[PDB]
Amino acid sequence: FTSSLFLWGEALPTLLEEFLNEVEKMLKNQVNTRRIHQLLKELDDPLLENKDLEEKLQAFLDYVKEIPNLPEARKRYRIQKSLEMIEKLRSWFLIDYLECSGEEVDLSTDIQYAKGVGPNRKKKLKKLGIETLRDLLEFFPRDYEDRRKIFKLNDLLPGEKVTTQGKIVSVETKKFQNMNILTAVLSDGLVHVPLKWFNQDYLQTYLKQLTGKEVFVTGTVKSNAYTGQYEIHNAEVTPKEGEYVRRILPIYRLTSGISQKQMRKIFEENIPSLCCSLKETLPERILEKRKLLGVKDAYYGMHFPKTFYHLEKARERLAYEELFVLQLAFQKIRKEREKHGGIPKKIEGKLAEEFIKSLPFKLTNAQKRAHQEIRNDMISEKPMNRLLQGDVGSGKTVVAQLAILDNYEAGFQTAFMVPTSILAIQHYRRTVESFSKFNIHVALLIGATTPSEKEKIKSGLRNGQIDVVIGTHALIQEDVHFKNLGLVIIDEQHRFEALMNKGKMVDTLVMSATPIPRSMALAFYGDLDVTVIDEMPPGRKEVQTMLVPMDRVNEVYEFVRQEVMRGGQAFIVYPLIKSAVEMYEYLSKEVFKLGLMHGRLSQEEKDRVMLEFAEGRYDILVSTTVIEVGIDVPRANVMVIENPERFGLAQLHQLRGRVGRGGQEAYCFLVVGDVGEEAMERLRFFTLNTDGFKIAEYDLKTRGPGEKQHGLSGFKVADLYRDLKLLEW
DNA sequence: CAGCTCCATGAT
DNA sequence: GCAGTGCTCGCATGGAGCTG
DNA sequence: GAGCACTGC
Ligand SMILES: Nc1ncnc2c1ncn2[C@@H]1O[C@H](COP(=O)(O)OP(=O)(O)O)[C@@H](O)[C@H]1O
Ligand SMILES: [Mg+2]
């Protein structure tokens, strides 16, 4: 917990921003005259040395202090009057406004134009994916080491990079065996504090190059020098005046070759230059609305801020920007739908009331909602693009079927789409035996079907009472007709379009097995007016998920021999490292019923194979290619992911999903190797996560969206709304 | 199994 | 394009988690 | 000293 907790601690008092900060916290709650007066005592830092800033302030701190000796109203206008000025202040002072000129040059150079960079660095730098120069901005720091704050000498906190100050009087160098030692030492006045260097002599020069002045030293502390008194190693001792080395300064990815001090001076010398050249992107009317910097400065800020406030204002600008890009394209779609327009219709509680009472089980207040929502949106004078989202076995299917009656019941006909012929056939059965009948004629049209039959069908649709067609994105590729088509159901990712009747829009509905938390929903997809998400069905018991060490792997192996001997089946997934084949017939020392599926060898008659698994031809399987949310092998009691977490926390879900059906009270182990905490911190979490959305919650908070590549927004969301509003035009 | 990075140590 | 100043910044090794 | 800019031939 050490690091993750110490700098954190000694990080509140003593620097304008922190100050301003707190004061805002001050008001947003309650002053404390007393207090202020003690914050001001602790202030320290170069920013303050501005006249107004100082004058400007008094005025301020003076206005505030009055709060308390003030009844209710007397307090308000008082407050907002403030708050406004802080931000007012912050904007004035806290940012290093990049005042620009000379003139822009602007392309993708092969980076040698870069200054300081040269041949070998050329190659070095490209190990970081840095060609071009745009390449040299879109490349922001790992992190930031700050400094501004200077520690006193004799308060060195045992074991920590600090930056203290003082003279320096002592340049000794010591040689031993396979080691030297360079020392000079720093003298506040009273204290004197060893400051030691290892296999560097040069330093000798500089330090001597120096003896005289007082300076700023930046290093670490060490609990040794068993003679006592702490010893500071590794520092930097810059001559000084450092109003200008009492700054935040970045930390970039490195690459044997370069050094921070290197890489830095290299950003130090170009960024200001480049930044400057960037045609603004979003219009000035916006900017003004919400208040964070154009670009130049923003990009500026990500490298060389002087207020974490800066940096904040910089991501914030830099991130809204790129959500804009999305929500722009969205409406820009959503609108085009407003053109072509949609169609509604009336609806007979008849059907559903029937369907619903027909079933055995209950229904959920969830699916109920799925329902109230679909109807209504279909009904509405325009399109519907809902997303029926849920978690394998939540009741997605049912619901779809109501969509299917309601639409039929209305007047028009629906058209089910699905990635695979094998899946079509299979779905078909259900919608019918499901529809168990009433009075609806539903088809499939899959190319397997005999040419005539096709014909009898096609024609069936061109006119009349073929009520639903079940097929692949086969339909759309041949060019079918029917002059009423009131909806299109979809299952999932079909490889790699919308439908219009005469010219209006077709009620579109898309179901998915792999959840996605609302923000991500509303941010990469959003355009799917909604997602009526599911909260799950009863009687439903769930996978006893277990996590198992390796070695004991032959343990699980056996557990199957059983369950599988008692008539069940077992997946076995092994990522990438041929071994597979080696993993295979060494696994027919599990002699018994095995099948393979290399995977991305990806004919998507993968199901071809699963069918055959579900039918009972490969007692057990063998992965690679994380199997998908598809044809469902019933008997499959147990699952086995190995050397995981290479798998997102979701593919694993996928996998867990795939095994259970029945009640079957299925089971899924996961062999592990070594790895650790953060890794297993996660797994551990998986296993007890009854619920696959709090999964995504959790996949986000930890690894950024693995599911090209977002530069900037790690869930704060006021943006994703800041969007909707500004984000029409 | 390897190739790289990042971090912490190295001296009586 | 190579040859001569004059800058800035320069340890090395070993175990470490990470991705391929 | 490595790497690079910059100046000159
Ligand atoms: N309300 C319910 N209560 C109990 N079982 C239900 C309920 N709704 C659906 N089921 C059944 O439980 C399983 C749910 O999965 P399903 O409805 O096929 O959709 P999906 O797997 O896509 O979520 C099916 O057997 C379905 O028939
Ligand atoms: Mg389904």
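Regarding how it was determined, this PDB entry cites X-ray crystallography in its header, along with a resolution of 3.24 Å.

Caption draft 1: Region of interest: the sheet that holds strand β6 (residues 215–218). Reading across the sheet, the 3 strands line up as β2-β6-β8 and stay open at both edges, with antiparallel pairing between neighbours. This sheet does not close on itself; its edge strands, each paired only once, are β2 (163–166) and β8 (236–238). Within the sheet, the average angular offset between the axes of one strand and its neighbour, ignoring direction, is 25°. Relative to β6, β2 is paired through 4 bridges, and the arrangement is antiparallel. Across the sheet, the residue bridging to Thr163 is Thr218, located in β6.

Caption draft 2: Region of the structure containing the protein's contact with DNA strand D. By nearness alone, every residue bordering DNA strand D is listed as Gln112, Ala114, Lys115, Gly116, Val117, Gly118, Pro119, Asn120 and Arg121. Sugar plus phosphate, as a fraction of atoms of DNA strand D within 4 Å of the protein: 100%. Within the backbone of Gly116, a nitrogen or oxygen atom sits 3.0 Å from a sugar or linking oxygen of DNA strand D. Of the residues that constitute the surface near DNA strand D, the class distribution is 3 nonpolar, 4 polar and 2 charged.

Caption draft 3: Inspection of unusual backbone geometry at higher detail. Unusually for a residue other than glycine, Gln229 sits at a positive phi of about 30°. Here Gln229 shows up in the loop between β6 and β7 (232–233). Its identity as a non-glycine residue notwithstanding, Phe715 has a phi of 20°, on the positive side. Following the sequence through the fold, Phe715 ends up in the loop between α24 (693–701) and α25 (718–726).

Caption draft 4: Structural detail: the state of the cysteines. As enumerated under the stated definition, the model contains 1 disulfide in all. The residue that forms a disulfide with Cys100 is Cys276, at a sulfur-sulfur distance of 2.0 Å. Residue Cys100 is located in the loop between α5 (72–93) and α6 (119–126), and its partner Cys276 is located in the loop between α8 (260–275) and α9 (284–290); the two are separated by 176 residues in the primary sequence. Given the relative accessible area of 22%, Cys276 is considered partly exposed. No disulfide involves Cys275; its sulfur sits 7.0 Å from that of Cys276, the nearest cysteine. For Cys275, a relative accessible area of 0% puts it in the buried group.

Caption draft 5: Layout of a nonpolar patch on the surface. Together, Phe1, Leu5, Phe6 and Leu7 make up an exposed nonpolar region whose accessible area comes to about 420 Å². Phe1 gets classed as exposed once you look at its relative accessible area, which sits at 73%.

Caption draft 6: Molecular detail of the nonpolar core. Grouped together as the largest cluster of nonpolar side chains are 73 residues, with contacts concentrated most on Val468, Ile489, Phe571, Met610, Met639, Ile641 and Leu655. Residue contributions to this core peak at 7 residues, all from helix α14 (residues 396–410). When residues are assigned to domains, this core turns out to be shared by domain 4 (343–541) and domain 5 (542–703), each giving three or more. Once residues lying within four places of it in the same chain are set aside, the contact partners of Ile641 are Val573, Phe647, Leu652, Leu655, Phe669, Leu670 and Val671.

Caption draft 7: Highlighting the protein's contact with DNA strand C. For DNA strand C, the full set of nearby residues is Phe198, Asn199, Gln200, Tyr202, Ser259, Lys261 and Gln262. The sugar-phosphate backbone supplies 40% of the atoms of DNA strand C found within 4 Å of the protein. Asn199 places a main-chain nitrogen or oxygen 2.8 Å from a sugar or linking oxygen of DNA strand C. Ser259 is positioned with one of its side-chain polar atoms (N or O) 3.1 Å from a phosphate oxygen of DNA strand C. For the surface near DNA strand C, the per-class residue count stands at 2 nonpolar, 4 polar and 1 charged.

Caption draft 8: Molecular detail of the packing of aromatic side chains. Per the counting criterion, the structure on display carries 12 aromatic pairs. Pairing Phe559 with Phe669 gives two aromatic rings, centres 5.1 Å apart and planes at 45°, and the pair type is tilted. One aromatic cluster is present, built from ring pairs that chain together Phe139, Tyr252 and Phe267. Here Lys593 stacks its cationic end above the ring of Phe592, 5.1 Å away from the centre of that ring.

Caption draft 9: How the structure looks around the sheet that holds β7. Pairing is mixed in the open sheet, where 4 strands are placed in the order β3-β4-β5-β7. Two strands close off the open sheet at either side, each with one partner strand: β3 (172–175) and β7. One ladder, built from 2 bridges, connects strand β5 (residues 193–197) with β7; its direction is parallel. The residue of β7 that forms the bridge with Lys196 is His233.

Definitions and limits used
- Residues numbered from 1 in each chain as written, not as in the entry; some residues may be left out.
- Chains lettered and ligands numbered in written order.
- Heavy atoms only, no water.
- Pairing = 2+ DSSP bridges.
- Helix = DSSP H or I, 4+ residues; strand = E, 2+ residues; numbered from the N terminus.
- Axes fitted to C-alpha atoms, helices over the stretch in contact; angles between N-to-C directions.
- Near = heavy atom within 4 Å.
- Polar contact = N/O pair within 3.5 Å; in protein donor to acceptor, adjacent residues only side chain to side chain.
- Nonpolar A, V, L, I, M, F, W, Y, C, P; charged D, E, K, R; others polar.
- Disulfide = S-S within 2.5 Å.
- Buried < 20%, exposed > 50% of the residue type's maximum accessible area, 1.4 Å probe, protein only.
- Patch = residues over 30% accessible without salt bridge, like charges linked within 9 Å, V, L, I, M, F, W, Y side chains within 5 Å.
- Areas by Shrake-Rupley, 256 points an atom, 1.4 Å probe, with all protein chains shown as cover.
- Salt bridge = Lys/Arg side-chain N within 4 Å of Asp/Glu carboxyl O.
- Core = buried A, V, L, I, M, F, W, Y, C linked by side-chain atoms within 4.5 Å.
- Domains from an automatic or database assignment.
- Contact = heavy atoms within 4.5 Å.
- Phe/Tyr/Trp six-rings, centres within 6.5 Å; stacked < 30°, edge-to-face > 60°.
- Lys NZ or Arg CZ within 6 Å of the ring centre and 35° of its normal.

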